[PDB]
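Taken one at a time, structure 1 and structure 2 that follow are two forms of one protein chain, written as structure tokens.
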Structure 1
């Protein structure tokens, strides 16, 4: 096979990202895997004249260990290649299908050799414990899993592989994103599963083998901001409500509070009850209607990054919002049901998966957690083969209460 030449975005050098410390268990697992990949020619040991590095991790995905390379940096620095030069167009139909199955096709890439002048940028290190040994250095000789360039390059081969199947099932949508195929149909679930098995057989002829089996995106609907319903309303309850309604108005146009504030006039004790006047009763009812419908004026812009915020609500509940401009929510949702970090990583993965399906992009996460805690623990429960961008924030205080 002739290799596709790859050039970095002008002025950018390759990644120089340090390896996060690994437990013995994972180091040992990585050493087995890499020893075997070396024998098979997929990777080769490198010398110190290669100054690059990309972190590596071990995950379960099953009880078998899998190597997960964090190419987030290489991906940012090679964006012109995989997005503009060799972009994979994202089908709008995928999210409309009743069932979507996600298949791992990462092994496909290991039979295609990587441009020799690019290999150096895929350098990585297996560290040792207590800096006993210098630590084992490799680069890739073939398309590596986790690099967005790999599917960009394999795109032409994937099309040949899928051509018969597509031709025979023209109402099935197949989308490739990183190491995975997303396969959507409107069929009855048994028929759907049969066509998936059929697809597996096609793939098998080219040497290839927080979520249910399938995804059901047509059964994804919004989380309305919900206003409580009561017989008796205290000053506090109306205050709470007005605060909730107030913030809600920045997102939704038409939200009105005039009447509600009229009740609070004076310097009233918080516990004291205030019977609702008919105008207020009705103002409340009008807002209530507005919140059930979508946001007028808010549209996905492909030239912009997606952002995800998540809030811990207690009792295993987490809310989230995805937007490109603050308050211009494209999607909002809830995730439920361990410990906090486990739940959070589950939520992050589910939100990312929905994001791939809806837009063909992963969002940048604002995570309500301490950096080091996250960095220590996230790999223990991570099962995806991609990794989204993230940063760390302080959530508080009522952005929490304004949802759920």
Structure 2
């Protein structure tokens, strides 16, 4: 085993365990008992004061440990810009790879975790890891020389295919037809078993301003309000001639004929919005930020950026079948889709700004989480205009 330490001055994580359902508690007890037998984890005493949240996801349960805090405190240790171009990418879970590998004896205590007991009738069951844990920053790192070796053949065999590893995941990207792609995948799984994304389609959609036979005072008002705000992204947008038609105290419903100047102003504005603002580039030294807005009725808008109004990417996400009555389901789903793209594109997860109340999210998100990784998030209050603005984003002619 290789010595791993915490960042200088960093002490271990002491994150409290959230309550779990009897269903999940039973599941973990069974998983962990089997793991103990195989020597992957061991029970610990009260002298180990550390702790990391744990839970179960998904038709059998999988154990998922929330190592975000530990990953942050773990000492530090490349991205293939080609992955994003590939026609199709398949994601694979290679976390089991780590169990074989032992974890430095001195670092184990920091992996301490607790299985809670219903109604606090009994003390929780404490364990720590003996081997590389799935979900820890250091695992993919330590098991790297081992991962290249097993990948070299498949890689060198197929120099056309790019393979990128993130945490417990493996993103395999190529250009073959859908069938020839899935075939190459198993050839790899088999190769591994012995030890559906499409980036070229993710097009950045433009903002489209409304067009009307006749405009009303209100029509212009709402329009001018949005353009004004948008003036923060595009400085060339003007609302002068539009605001002039808004002179007076007309009925919100009165029709206003447009002057030729307002017509041109509206045309120059449409042209400016024809393309993403110039000069936006990704900066590795900076954090990625993903903001989401609830547009309503299953629709969601998001923007990925590092500097306000300098989007690296924006988009829409429509709720998936069987998620109608569940806002929390739709949001976690969206968060996972956006995080995934982020990894595919930059090889790192973005920090999220979620339009949800802390208590609401922390109570139910694990119920629909399906990734091995967990991003960072903060809870926010959506500004009305930001929502009204991205709601204007362009959509397919008929669909896709």
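Numbering follows the first chain given and starts at 1. The term rigid core refers to the maximal set of C-alpha atoms that superpose within 1.5 Å between the two forms.
When the two forms are superposed on their rigid core between the two structures, the C-alpha shift of 2 Å or more among 322, 103, 280, 174 belongs solely to 280.
Put the two forms on the same core and the Cα of residue 94 is off by less than 2 Å between the two structures.
With a cut-off of 2 Å and the rigid core superposed, residue 135 has a Cα displacement that falls short of the cut-off between the two structures.
Relative to the superposed core, residue 263 undergoes a Cα shift of 2 Å or more between the two structures. Per-residue C-alpha deviation between the two structures, core superposed: residue 396, 3.0 Å. Structural comparison between the two structures after rigid-core fitting shows the C-alpha of residue 253 displaced 4.4 Å. Taking the core as the reference frame, the CA atom of residue 228 shifts 1.2 angstrom between the two structures.
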